[PDB]
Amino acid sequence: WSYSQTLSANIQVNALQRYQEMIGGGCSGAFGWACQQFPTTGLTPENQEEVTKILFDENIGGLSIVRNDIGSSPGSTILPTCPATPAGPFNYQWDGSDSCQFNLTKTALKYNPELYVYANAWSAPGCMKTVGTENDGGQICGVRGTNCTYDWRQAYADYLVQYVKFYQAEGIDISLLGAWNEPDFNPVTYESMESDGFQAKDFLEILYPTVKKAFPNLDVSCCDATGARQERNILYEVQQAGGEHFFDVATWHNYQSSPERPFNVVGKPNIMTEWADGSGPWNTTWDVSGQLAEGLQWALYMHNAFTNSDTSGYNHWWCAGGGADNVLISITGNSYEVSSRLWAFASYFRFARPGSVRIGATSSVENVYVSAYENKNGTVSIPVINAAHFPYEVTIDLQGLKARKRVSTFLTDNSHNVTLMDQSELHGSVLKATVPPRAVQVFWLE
């Protein structure tokens, strides 16, 4: 809702002030959701392509991250049968599908050659765990606080590297490798595995050098905690255990704690690798209810992560399929719907591409939010969020950008999906525009 009133906001953008390098937005097709996106029956191949294009085409959804589950369940793991001991031998199996995640990754790469693939195990194979199953939490055998018949850490590290080798042999490079999902949480009934930071360091000290031997440019994550606080605690313990240099990227989910402060790690980026409305009905609205599932709320949640916790990337939970509101695109039979959450993602990531660097951006109005990003090639994106219920006349002063010639204005609100509104020549270093209520307006500088 909105009403008639106008106020003004002053914004300063400064390319000389430089923060995190951005990675992108994304989503997962784990647990067979990739197969719902690529079912053959129901959704036609043309429509399967179109849904994947909508997500990963730079000009539409703008996403770049595909998060795949390194599966540990029957039919989803590269190690369906374990050897008796870590001495092996190991019989690795690849079916060319990977629960359709290979289809998702290959197709997304077709639409985005800069795809950033995150391969993330939810659990070690059961034989490698204290509980002897991939379900019900438990620990990698061999970390402190365990007493298995053998130490399985090297074997688990080798198994993760073998998963990466399967994708590499198909011509797909993995960018990030993770060994746990939500180690602070035991959901009991599906792939899970628990850890504190001392135990995680006991594994990372074997995983990290094992990975760099095979793939010197493959980054290692820690540790996909359910919330930012839980992630900070694991990071603290990893560093206290001596493992500061046994991971490269801090990963965390937004379910069980949200930050307003950076993470307790020096020289490492962080990615919010999973969040969704896990309980509500499927929802597409931008700003009708004000509920957390809506597109405008997701634009604001991202602004918070990128400006207050220096976050470099952001993932929805699932990409597309069923699961009510856990997807960005709902699929039913041969039909689909796009949530306007995707236009919140695109408002950032259609314009701030991989390798962009967040730069200084301030606003004189508390709920007229701004951030700004400078691509490797010098183009600059300034997503402004007018979270107020009436228009703001913004004045944007540009510093360090005298080389820019043109400005394009894009608008997302209840009647616009990243719509091009205006294109003009820059004839100084000041931009003036009226941003409608409850909207994201992106100023694209070239």
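Just count from 1 along the sequence shown to find any residue number.
- Checked against the record, the higher mean CA B factor of 8-16 and 432-440 lies with 8-16.
- Checked against the record, the higher mean CA B factor of 379-387 and 47-55 lies with 47-55.
- The entry lists C-alpha B-factors for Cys27, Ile70, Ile60, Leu398, and the highest of these is at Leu398.
- Listed residues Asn264, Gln162, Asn254, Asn367 were ranked by CA B-factor as deposited; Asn264 comes out on top.
- Among the modelled residues of its chain, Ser97 has a C-alpha B-factor that falls in the highest third according to the deposited record.
- The PDB entry assigns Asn103 a C-alpha temperature factor belonging to the highest third of its chain's modelled residues.
- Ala403: CA B factor in the highest third of modelled residues in this chain (values from the PDB entry).
- In the PDB entry, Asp219 places in the middle third of its chain by CA B-factor.
- In the PDB entry, a CA B factor belonging to the highest third of its chain's modelled residues is recorded for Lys110.
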